[PDB]
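Every residue, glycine among them, receives a Cβ derived from its backbone with ideal geometry; neighbour counts consider all protein chains shown. Basis: the model, the stated rules and, where named, an outside source; nothing here is a laboratory result.
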Amino acid sequence: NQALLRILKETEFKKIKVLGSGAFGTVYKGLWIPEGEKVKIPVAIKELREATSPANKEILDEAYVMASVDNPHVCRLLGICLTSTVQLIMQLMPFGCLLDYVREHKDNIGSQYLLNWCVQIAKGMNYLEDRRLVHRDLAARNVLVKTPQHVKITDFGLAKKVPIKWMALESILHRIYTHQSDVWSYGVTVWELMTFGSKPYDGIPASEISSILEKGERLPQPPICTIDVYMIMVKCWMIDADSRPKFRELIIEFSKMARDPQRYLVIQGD
Ligand SMILES: *[C@@H](CC(=O)Nc1cc2c(Nc3ccc(OCc4ccccn4)c(Cl)c3)c(C#N)cnc2cc1OCC)CN(C)C
């Protein structure tokens, strides 16, 4: 179709530096210069190394699926460069990533800027769930910042070495991913959010995990974060999928907290 996805050619941009990496591919702050038109436009870029190639085209059929998303908390794909390597370009969000960013400013951060981010990310999925689209990878590192008040969800639907420290039991056990597997990736993404970006399990061996969970363990309570909140992070880490809390229920609960965080997220700052 002729969606809102713009197909560009290698003669419209040229990376300039490396921002992030790891996962499927990397990313750089290239410079888009629409052909025939003029306007040094800035944009990122992901040169996905490989995947599996199970035609060299589907890579597109999905793009449009990435270009359809109609959510203010779910980054939408701009264009794409098809060739010896697929190039994913999009609007450059000058702000870091929910991950690093935060980390950067754990000082005067805010009980609100977070008690939302959790509502912004949760509100982001509730849409993906309504579209039969599974992320497969949800982490502070996979969430951009279009403003310390407007966060969006990047990277998702791509898969269509692994984030064991995020995935669930099944996904780790029986490579099974569902609208329930993320609810697990979420409650965590926030934890790293509450503990101002902190590699969960710092130490343990990705392997020893499948077990550590088999008996509900580790993943302490983010000092700050109060109680009722944690129950949200934990209740999301249930071994019985049908036990977790669908985001639709996560958005209504977080919105009930944000309207008075000073009492839900203790902090010795302000
Ligand atoms: C955080 C480092 C960090 O801040 N990295 C970034 C990333 C971006 C991105 N990210 C991004 C995401 C996806 C892209 O494409 C594929 C795609 C798009 C949408 C949905 C699914 N898949 C591309 Cl090309 C880039 C964007 C975008 N879009 C814009 N600006 C970014 C800035 C940036 O850092 C800026 C300093 C922790 N590291 C591990 C990465």
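For this structure, a couple of remarks:
- Across region 117-151, the number of residues qualifying as of a type in the set (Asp, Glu) and either more than 11 Å from the ligand (Cβ to nearest atom) or in a helix (DSSP H, G or I) (or both) comes to 2.
- Applying the condition of being part of a loop (DSSP other than H, G, I, E, B) and within 13 Å of the ligand (Cβ to nearest atom) to region 152-171 and asking which residue is surrounded by the most Cβ atoms within 10 Å (Cβ to Cβ) yields 154.
- Search result, residues across region 196-242 that are farther than 30 Å from residue 108 by Cβ and among the hydroxyl-bearing types (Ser, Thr, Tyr): 207, 210, 211
- Applying a threshold of 6 Å to beta carbon distances and a minimum spacing of six or more residues, or different chains, the list of pairs starting in region 35-58 at a residue that is within 16 Å of residue 6 (Cα to Cα) and ending at one that is within 16 Å of the ligand (Cβ to nearest atom) and among the charged types (D, E, K, R) reads 35/12; 45/15.
- The set of residues in region 18-53 being surrounded by fewer than 18 Cβ atoms within 10 Å (Cβ to Cβ) and over 24 Å from residue 161 (Cα atoms) consists of 29, 31, 33, 34, 35, 36, 37, 38, 39, 40, 41, 42.
- Figure legend. Inter-residue proximity from region 125-137: first residues assigned by CATH to the domain that holds residue 177, second residues surrounded by fewer than 21 Cβ atoms within 10 Å (Cβ to Cβ) and part of a loop (DSSP other than H, G, I, E, B), beta-carbon distance below 6 Å, spacing 6+ or different chains. Indicated pairs: 127/71; 133/157; 134/177; 136/159; 136/177; 137/163.
- Within region 48-87, the set of residues being within 25 Å of residue 122 (Cβ to Cβ) and either outside the structural domain of residue 10 (by CATH) or away from the ligand (no atom under 13 Å from the Cβ) (or both) comprises 70, 72.
- Scanning region 32-47 for residues that are more than 18 Å from the chain's Cα centre (by Cα) and either outside any strand (DSSP E or B) or outside the structural domain of residue 87 (by CATH) (or both) turns up 33, 34, 35, 36, 37, 38, 39, 40.
- Taking helices (runs of 4 or more DSSP H) as the structural unit, no element lying wholly within region 172-270 holds at least 2 residues that are surrounded by fewer than 18 Cβ atoms within 10 Å (Cβ to Cβ), under 16 Å from the mean Cα position of the chain (by Cα) and polar (S, T, N, Q).
- Top-ranked residue of region 88-103 - restricted to ones that are of a type outside the set (A, V, I, L, M) and within 8 Å of the ligand (Cβ to nearest atom), ranked as nearest to residue 155 (Cα to Cα): 97
- Only one of 198, 211 that is small (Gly, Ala, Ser), within 16 Å of the ligand (Cβ to nearest atom) and over 23 Å from residue 25 (Cβ atoms): 198
- The set of residues in region 19-31 that are near the ligand (Cβ under 9 Å from one of its atoms) and outside any loop (DSSP other than H, G, I, E, B) contains only 28.
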